[PDB]
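So the structure is just underneath, and the comments pick up after that.
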Amino acid sequence: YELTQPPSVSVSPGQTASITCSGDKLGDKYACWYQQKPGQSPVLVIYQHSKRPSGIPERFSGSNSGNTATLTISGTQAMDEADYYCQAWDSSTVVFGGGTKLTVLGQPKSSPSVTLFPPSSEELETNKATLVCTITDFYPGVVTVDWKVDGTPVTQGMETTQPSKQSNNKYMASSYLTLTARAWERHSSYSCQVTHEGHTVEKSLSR
Amino acid sequence: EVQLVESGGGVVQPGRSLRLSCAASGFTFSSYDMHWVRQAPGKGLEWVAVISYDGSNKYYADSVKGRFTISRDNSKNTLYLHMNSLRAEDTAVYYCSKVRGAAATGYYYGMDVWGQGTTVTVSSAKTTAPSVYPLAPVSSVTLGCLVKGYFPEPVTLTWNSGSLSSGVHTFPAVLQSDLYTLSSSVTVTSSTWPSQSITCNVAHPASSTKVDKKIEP
């Protein structure tokens, strides 16, 4: 089975962060949690749902209910901003959750500004078509991008950049949908949908 | 204190092999299950393999079954990953880890010690010049420049030969179809363009590329 967790959780310093992992047989297992900061190795913060290894601050705790497990940070500090992964196992494998970025808020929240560009006539001469969805001025620095063509979710041909910091200290990212020229001509509506802090900002193109 | 030191990462072609090593000290090595875990660029942790403390049991992620094998030499306190039939999608930082729980308890109590990571990068790409395309829409206006399908890094992008640097966002490269794609946008007042000229300048020295692309309606 797969373990899922929210891509983003954000709190202000001093608030309690709650990060929940879920999976079909997770309640039959022990869940553990890793903290990982950029360019660093993971660190075991909680194991057996609720136990801290030596050296882990007391503010880290854990619980479980049903087929979910939750990491809780009571009185969050700026140093706790990191990716957190849950981990358990199934019948044949070790399973990691997809990770949650905990942002400890240092500035106001900011929704993404989205711009969608069509393929250039120059590119279409090559039998290829790339749509470009640019995404700027968002904070916290995590988005999910979904593409639709004629209302149908696309599963193939997309790449999205890692978010990066702007000069104003907000974040930006871009996403690409690559199609054949012939697929581009066959469809009329194209949409880039960016989800941030539970709300979606959409831009579309229509022929 | 408890320590794992990795080596053996490198840059190889698809289809080739590598051996990763993970040298252990500060604990009774033969009393602990050991794992490999990997992490692709910007992505999550992905389990690769485990070998039991006594070496009797080995298990693998479906993504590597038949291609990678895990082993340990308890006499040398060293864990290995033998990577064969490498693929582009195997590109990642590879970590080794030690389980907290000794002997039969190794699955239960987390991975308490991790290596520093060793990078494996698998690509058959050759030098390739970018194609440079205009980004234009169907009070202010946002234009851009798509730099598609170049290899290797580096590439540089400026606007109006560096004269226009305000309202510019140049995004990180991403790997697409085994080549790199980059884009940049520039936001200007709508009375400025197309009345005044906006040109993206792209330089890719590996391919002797210096391209100026004027952005038209």
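Each chain in the structure tokens gets a letter, A, B, ..., in the order shown, and its residues are numbered from 1; ligands are numbered from 1 in order too.
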**Asked** What lies within 12 Å of residue 41 (chain B) using only C-alpha atoms, ignoring chain neighbours under 5 positions off, as number ranges by chain?
**Response** A: 38-39, 160-163; B: 46, 89-94, 119-121, 173-175
Kindly provide the residues of chain B that approach chain A to within 7 Å, each paired with its closest atom pair and their distance in Å to one decimal, based on only C-alpha atoms, listed by chain and increasing number, as CSV.
```
residue,atom,partner,partner_atom,distance
B:42,CA,A:162,CA,6.1
B:44,CA,A:98,CA,5.6
B:45,CA,A:96,CA,6.6
B:46,CA,A:96,CA,6.6
B:47,CA,A:94,CA,6.2
B:61,CA,A:93,CA,6.5
B:108,CA,A:30,CA,6.2
B:109,CA,A:47,CA,5.5
B:110,CA,A:47,CA,5.7
B:111,CA,A:44,CA,6.5
B:112,CA,A:44,CA,5.5
B:114,CA,A:41,CA,6.4
B:115,CA,A:41,CA,7.0
B:116,CA,A:41,CA,5.9
B:133,CA,A:120,CA,6.4
B:134,CA,A:120,CA,6.2
B:135,CA,A:117,CA,6.0
B:136,CA,A:117,CA,6.4
B:137,CA,A:117,CA,6.0
B:171,CA,A:173,CA,6.3
B:172,CA,A:161,CA,6.2
B:173,CA,A:161,CA,7.0
B:174,CA,A:161,CA,5.8
B:176,CA,A:159,CA,6.8
```
Can you write just those residues out, N, CA and C atoms, as a CSV table (one decimal), in the first residue's frame?
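Wrote it out as selection15.csv, contents follow:
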```
chain,number,residue,atom,x,y,z
B,42,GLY,N,14.7,16.8,-6.2
B,42,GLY,CA,13.5,17.4,-5.7
B,42,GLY,C,12.4,16.5,-5.3
B,44,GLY,N,10.9,12.7,-3.1
B,44,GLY,CA,10.9,12.1,-1.8
B,44,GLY,C,11.9,10.9,-1.7
B,45,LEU,N,12.0,10.5,-0.4
B,45,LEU,CA,12.8,9.3,-0.1
B,45,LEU,C,12.1,8.1,-0.7
B,46,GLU,N,12.9,7.2,-1.4
B,46,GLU,CA,12.4,6.0,-2.0
B,46,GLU,C,13.2,4.8,-1.6
B,47,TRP,N,12.6,3.9,-0.9
B,47,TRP,CA,13.3,2.7,-0.4
B,47,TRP,C,13.9,1.9,-1.6
B,61,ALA,N,13.0,-3.2,-3.7
B,61,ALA,CA,11.9,-2.4,-4.3
B,61,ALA,C,11.6,-3.0,-5.7
B,108,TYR,N,11.0,-2.6,13.1
B,108,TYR,CA,10.0,-2.0,14.0
B,108,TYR,C,10.2,-0.6,14.5
B,109,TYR,N,11.5,-0.2,14.6
B,109,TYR,CA,11.8,1.0,15.4
B,109,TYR,C,12.6,2.1,14.7
B,110,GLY,N,12.4,2.1,13.3
B,110,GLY,CA,13.0,3.2,12.5
B,110,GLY,C,14.4,3.0,12.1
B,111,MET,N,14.9,3.9,11.3
B,111,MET,CA,16.3,3.9,10.8
B,111,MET,C,17.0,5.0,11.5
B,112,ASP,N,17.9,4.7,12.5
B,112,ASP,CA,18.5,5.7,13.3
B,112,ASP,C,19.7,6.4,12.8
B,114,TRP,N,22.1,7.3,9.3
B,114,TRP,CA,22.1,7.5,7.9
B,114,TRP,C,23.5,7.9,7.4
B,115,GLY,N,23.9,7.4,6.2
B,115,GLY,CA,25.1,7.9,5.6
B,115,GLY,C,24.9,9.3,5.0
B,116,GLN,N,26.0,9.9,4.6
B,116,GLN,CA,26.0,11.3,4.0
B,116,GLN,C,25.4,11.4,2.6
B,133,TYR,N,12.4,29.6,-28.1
B,133,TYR,CA,11.1,30.0,-28.6
B,133,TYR,C,10.5,31.2,-27.8
B,134,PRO,N,9.7,32.0,-28.5
B,134,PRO,CA,9.0,33.1,-27.8
B,134,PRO,C,7.8,32.6,-27.0
B,135,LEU,N,7.6,33.3,-25.9
B,135,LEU,CA,6.4,33.1,-25.1
B,135,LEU,C,5.7,34.5,-25.1
B,136,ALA,N,4.5,34.4,-25.7
B,136,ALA,CA,3.6,35.6,-25.8
B,136,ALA,C,2.2,35.2,-25.6
B,137,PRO,N,1.4,36.2,-25.1
B,137,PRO,CA,0.0,35.9,-24.8
B,137,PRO,C,-0.9,35.7,-26.0
B,171,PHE,N,13.5,30.7,-14.4
B,171,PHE,CA,13.1,29.5,-13.6
B,171,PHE,C,14.3,28.4,-13.6
B,172,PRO,N,14.3,27.5,-12.7
B,172,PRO,CA,15.3,26.4,-12.7
B,172,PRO,C,15.1,25.6,-13.9
B,173,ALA,N,16.2,25.0,-14.4
B,173,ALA,CA,16.2,24.0,-15.4
B,173,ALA,C,15.5,22.7,-14.9
B,174,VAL,N,14.8,22.0,-15.8
B,174,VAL,CA,14.3,20.7,-15.5
B,174,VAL,C,14.7,19.8,-16.6
B,176,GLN,N,13.8,17.1,-19.2
B,176,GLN,CA,12.7,16.8,-20.1
B,176,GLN,C,13.2,16.1,-21.3
```
**Spatial neighbours of residue 33 (chain B), 10 Å, only C-alpha atoms, chain gap at least 6 places, as a PyMOL selection string** = chain B and resi 50-55+57-58+97-107+111
Output file for the residues above (C-alpha atoms, as a short mmCIF file (atom, residue, chain, number, x, y, z; two decimals), in the first residue's frame):
```
data_model
loop_
_atom_site.label_atom_id
_atom_site.label_comp_id
_atom_site.auth_asym_id
_atom_site.auth_seq_id
_atom_site.Cartn_x
_atom_site.Cartn_y
_atom_site.Cartn_z
CA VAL B 50 17.31 -4.25 2.81
CA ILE B 51 19.65 -6.99 3.99
CA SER B 52 19.06 -8.70 7.34
CA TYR B 53 21.62 -8.49 10.16
CA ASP B 54 22.82 -12.05 9.51
CA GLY B 55 22.68 -11.68 5.71
CA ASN B 57 17.31 -12.31 3.87
CA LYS B 58 17.41 -9.66 1.15
CA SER B 97 20.92 3.43 6.76
CA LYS B 98 21.13 1.41 9.94
CA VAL B 99 18.00 0.24 11.75
CA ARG B 100 17.49 1.21 15.38
CA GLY B 101 16.14 -2.21 16.40
CA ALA B 102 18.77 -4.90 16.77
CA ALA B 103 18.53 -8.37 15.25
CA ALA B 104 14.85 -9.51 14.77
CA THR B 105 13.43 -6.08 15.71
CA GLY B 106 14.94 -4.15 12.79
CA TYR B 107 11.69 -3.45 10.92
CA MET B 111 16.31 3.91 10.79
#
```
**Message:** Would you compute the distance between CA of residue 206 (chain B) and CA of residue 152 (chain B)? Give it in Å to one decimal.
**Reply:**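 About the pair CA of residue 206 (chain B) and CA of residue 152 (chain B): they are 7.3 Å apart.
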**Request:** as a PyMOL selection string, please: all residues of region 7-200 of chain A that backbone DSSP puts in strand (DSSP E).
**Result:** chain A and resi 8-11+16-22+32-36+43-46+60-65+68-74+82-89+94-96+100-104+113-117+128-138+144-149+152-153+158-160+164-165+171-180+189-196+199-200
I'd like the neighbourhood of region 3-14 of chain B as a PDB file with N, CA, C and O atoms, in the first residue's frame, where a residue qualifies if any of its atoms comes within 7 Å (using only C-alpha atoms), though same-chain residues fewer than 5 positions away should be ignored.
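File produced: result08.pdb:
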```pdb
ATOM      1  N   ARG B  19      29.264   0.009  -8.150  1.00  0.00           N
ATOM      2  CA  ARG B  19      29.150  -0.508  -6.802  1.00  0.00           C
ATOM      3  C   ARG B  19      29.215   0.639  -5.801  1.00  0.00           C
ATOM      4  O   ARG B  19      30.204   1.376  -5.776  1.00  0.00           O
ATOM      5  N   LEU B  20      28.178   0.772  -4.971  1.00  0.00           N
ATOM      6  CA  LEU B  20      28.215   1.668  -3.819  1.00  0.00           C
ATOM      7  C   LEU B  20      28.673   0.920  -2.571  1.00  0.00           C
ATOM      8  O   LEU B  20      28.339  -0.244  -2.385  1.00  0.00           O
ATOM      9  N   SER B  21      29.435   1.595  -1.714  1.00  0.00           N
ATOM     10  CA  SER B  21      29.901   1.048  -0.440  1.00  0.00           C
ATOM     11  C   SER B  21      29.419   1.931   0.690  1.00  0.00           C
ATOM     12  O   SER B  21      29.217   3.129   0.507  1.00  0.00           O
ATOM     13  N   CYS B  22      29.275   1.327   1.854  1.00  0.00           N
ATOM     14  CA  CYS B  22      28.817   1.992   3.046  1.00  0.00           C
ATOM     15  C   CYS B  22      29.583   1.348   4.204  1.00  0.00           C
ATOM     16  O   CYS B  22      29.318   0.202   4.576  1.00  0.00           O
ATOM     17  N   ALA B  23      30.563   2.080   4.727  1.00  0.00           N
ATOM     18  CA  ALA B  23      31.492   1.591   5.761  1.00  0.00           C
ATOM     19  C   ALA B  23      30.999   2.020   7.129  1.00  0.00           C
ATOM     20  O   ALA B  23      30.776   3.208   7.355  1.00  0.00           O
ATOM     21  N   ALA B  24      30.822   1.048   8.015  1.00  0.00           N
ATOM     22  CA  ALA B  24      30.157   1.224   9.297  1.00  0.00           C
ATOM     23  C   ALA B  24      31.153   1.175  10.440  1.00  0.00           C
ATOM     24  O   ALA B  24      32.068   0.352  10.434  1.00  0.00           O
ATOM     25  N   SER B  25      30.941   2.043  11.417  1.00  0.00           N
ATOM     26  CA  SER B  25      31.717   2.018  12.659  1.00  0.00           C
ATOM     27  C   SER B  25      30.891   2.542  13.810  1.00  0.00           C
ATOM     28  O   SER B  25      29.901   3.251  13.615  1.00  0.00           O
ATOM     29  N   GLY B  26      31.316   2.192  15.022  1.00  0.00           N
ATOM     30  CA  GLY B  26      30.646   2.620  16.244  1.00  0.00           C
ATOM     31  C   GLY B  26      29.451   1.820  16.696  1.00  0.00           C
ATOM     32  O   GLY B  26      28.765   2.249  17.613  1.00  0.00           O
ATOM     33  N   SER B  85      22.663  -2.695 -14.993  1.00  0.00           N
ATOM     34  CA  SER B  85      21.608  -2.304 -15.911  1.00  0.00           C
ATOM     35  C   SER B  85      21.012  -0.940 -15.532  1.00  0.00           C
ATOM     36  O   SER B  85      19.806  -0.758 -15.465  1.00  0.00           O
ATOM     37  N   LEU B  86      21.895   0.028 -15.278  1.00  0.00           N
ATOM     38  CA  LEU B  86      21.449   1.336 -14.814  1.00  0.00           C
ATOM     39  C   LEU B  86      20.608   2.049 -15.833  1.00  0.00           C
ATOM     40  O   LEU B  86      20.778   1.878 -17.053  1.00  0.00           O
ATOM     41  N   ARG B  87      19.672   2.852 -15.339  1.00  0.00           N
ATOM     42  CA  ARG B  87      18.738   3.610 -16.148  1.00  0.00           C
ATOM     43  C   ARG B  87      18.820   5.073 -15.761  1.00  0.00           C
ATOM     44  O   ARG B  87      19.193   5.406 -14.627  1.00  0.00           O
ATOM     45  N   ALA B  88      18.464   5.946 -16.680  1.00  0.00           N
ATOM     46  CA  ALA B  88      18.368   7.371 -16.364  1.00  0.00           C
ATOM     47  C   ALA B  88      17.573   7.651 -15.095  1.00  0.00           C
ATOM     48  O   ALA B  88      17.999   8.458 -14.263  1.00  0.00           O
ATOM     49  N   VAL B 113      20.493   5.774  11.967  1.00  0.00           N
ATOM     50  CA  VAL B 113      21.720   6.370  11.444  1.00  0.00           C
ATOM     51  C   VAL B 113      21.735   6.253   9.938  1.00  0.00           C
ATOM     52  O   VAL B 113      21.419   5.201   9.383  1.00  0.00           O
ATOM     53  N   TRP B 114      22.107   7.349   9.302  1.00  0.00           N
ATOM     54  CA  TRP B 114      22.141   7.452   7.851  1.00  0.00           C
ATOM     55  C   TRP B 114      23.520   7.889   7.393  1.00  0.00           C
ATOM     56  O   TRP B 114      24.144   8.758   8.020  1.00  0.00           O
ATOM     57  N   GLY B 115      23.938   7.379   6.245  1.00  0.00           N
ATOM     58  CA  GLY B 115      25.094   7.917   5.561  1.00  0.00           C
ATOM     59  C   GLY B 115      24.889   9.328   5.040  1.00  0.00           C
ATOM     60  O   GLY B 115      23.802   9.863   5.098  1.00  0.00           O
ATOM     61  N   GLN B 116      25.974   9.931   4.556  1.00  0.00           N
ATOM     62  CA  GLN B 116      25.959  11.290   4.016  1.00  0.00           C
ATOM     63  C   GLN B 116      25.394  11.368   2.591  1.00  0.00           C
ATOM     64  O   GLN B 116      25.082  12.456   2.099  1.00  0.00           O
ATOM     65  N   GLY B 117      25.264  10.213   1.942  1.00  0.00           N
ATOM     66  CA  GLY B 117      24.780  10.145   0.578  1.00  0.00           C
ATOM     67  C   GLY B 117      25.911  10.118  -0.436  1.00  0.00           C
ATOM     68  O   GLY B 117      26.980  10.700  -0.217  1.00  0.00           O
ATOM     69  N   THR B 118      25.686   9.404  -1.533  1.00  0.00           N
ATOM     70  CA  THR B 118      26.601   9.403  -2.683  1.00  0.00           C
ATOM     71  C   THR B 118      25.733   9.546  -3.937  1.00  0.00           C
ATOM     72  O   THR B 118      24.664   8.926  -4.046  1.00  0.00           O
ATOM     73  N   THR B 119      26.158  10.402  -4.864  1.00  0.00           N
ATOM     74  CA  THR B 119      25.339  10.755  -6.015  1.00  0.00           C
ATOM     75  C   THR B 119      25.643   9.819  -7.177  1.00  0.00           C
ATOM     76  O   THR B 119      26.809   9.527  -7.476  1.00  0.00           O
ATOM     77  N   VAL B 120      24.579   9.342  -7.813  1.00  0.00           N
ATOM     78  CA  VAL B 120      24.659   8.531  -9.028  1.00  0.00           C
ATOM     79  C   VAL B 120      23.879   9.247 -10.096  1.00  0.00           C
ATOM     80  O   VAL B 120      22.704   9.544  -9.921  1.00  0.00           O
ATOM     81  N   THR B 121      24.529   9.491 -11.246  1.00  0.00           N
ATOM     82  CA  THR B 121      23.929  10.254 -12.324  1.00  0.00           C
ATOM     83  C   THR B 121      24.103   9.448 -13.602  1.00  0.00           C
ATOM     84  O   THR B 121      25.222   9.105 -13.973  1.00  0.00           O
ATOM     85  N   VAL B 122      22.989   9.118 -14.236  1.00  0.00           N
ATOM     86  CA  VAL B 122      22.961   8.203 -15.371  1.00  0.00           C
ATOM     87  C   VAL B 122      22.338   8.917 -16.553  1.00  0.00           C
ATOM     88  O   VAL B 122      21.162   9.261 -16.557  1.00  0.00           O
ATOM     89  N   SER B 123      23.115   9.118 -17.609  1.00  0.00           N
ATOM     90  CA  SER B 123      22.672   9.841 -18.789  1.00  0.00           C
ATOM     91  C   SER B 123      23.537   9.445 -19.978  1.00  0.00           C
ATOM     92  O   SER B 123      24.748   9.310 -19.830  1.00  0.00           O
ATOM     93  N   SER B 124      22.919   9.356 -21.146  1.00  0.00           N
ATOM     94  CA  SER B 124      23.643   9.176 -22.405  1.00  0.00           C
ATOM     95  C   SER B 124      23.626  10.433 -23.270  1.00  0.00           C
ATOM     96  O   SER B 124      24.028  10.372 -24.444  1.00  0.00           O
TER      97      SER B 124
END
```
**Item:** Top pick for closest residue to residue 181 (chain A), considering A:61, A:76, A:91, A:127 and counting only C-alpha atoms
**Value:**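 Between A:61, A:76, A:91, A:127, the residue approaching residue 181 (chain A) most closely is A:127.
With only C-alpha atoms as the basis for measurement, A:195 is the residue among A:74, A:195, A:180, A:156 that approaches residue 142 (chain A) most closely.
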**residue 71 (chain B) surroundings by only C-alpha atoms, 7 Å radius, close-in-sequence under 6 positions cut, as a ChimeraX atom specification** = /B:51,79-81
Take the residues just selected and output them with N, CA, C and O atoms as a PDB file, in the first residue's frame.
```pdb
ATOM      1  N   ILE B  51      19.012  -5.712   3.713  1.00  0.00           N
ATOM      2  CA  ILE B  51      19.650  -6.995   3.992  1.00  0.00           C
ATOM      3  C   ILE B  51      19.562  -7.206   5.496  1.00  0.00           C
ATOM      4  O   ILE B  51      19.866  -6.311   6.260  1.00  0.00           O
ATOM      5  N   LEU B  79      28.678  -2.466   3.906  1.00  0.00           N
ATOM      6  CA  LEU B  79      27.456  -2.776   3.181  1.00  0.00           C
ATOM      7  C   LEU B  79      27.677  -2.343   1.735  1.00  0.00           C
ATOM      8  O   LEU B  79      28.244  -1.295   1.482  1.00  0.00           O
ATOM      9  N   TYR B  80      27.168  -3.115   0.785  1.00  0.00           N
ATOM     10  CA  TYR B  80      27.307  -2.798  -0.635  1.00  0.00           C
ATOM     11  C   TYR B  80      25.970  -2.746  -1.352  1.00  0.00           C
ATOM     12  O   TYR B  80      25.008  -3.429  -0.960  1.00  0.00           O
ATOM     13  N   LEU B  81      25.933  -1.945  -2.421  1.00  0.00           N
ATOM     14  CA  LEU B  81      24.865  -2.024  -3.409  1.00  0.00           C
ATOM     15  C   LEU B  81      25.499  -2.212  -4.758  1.00  0.00           C
ATOM     16  O   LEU B  81      26.227  -1.323  -5.224  1.00  0.00           O
TER      17      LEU B  81
END
```
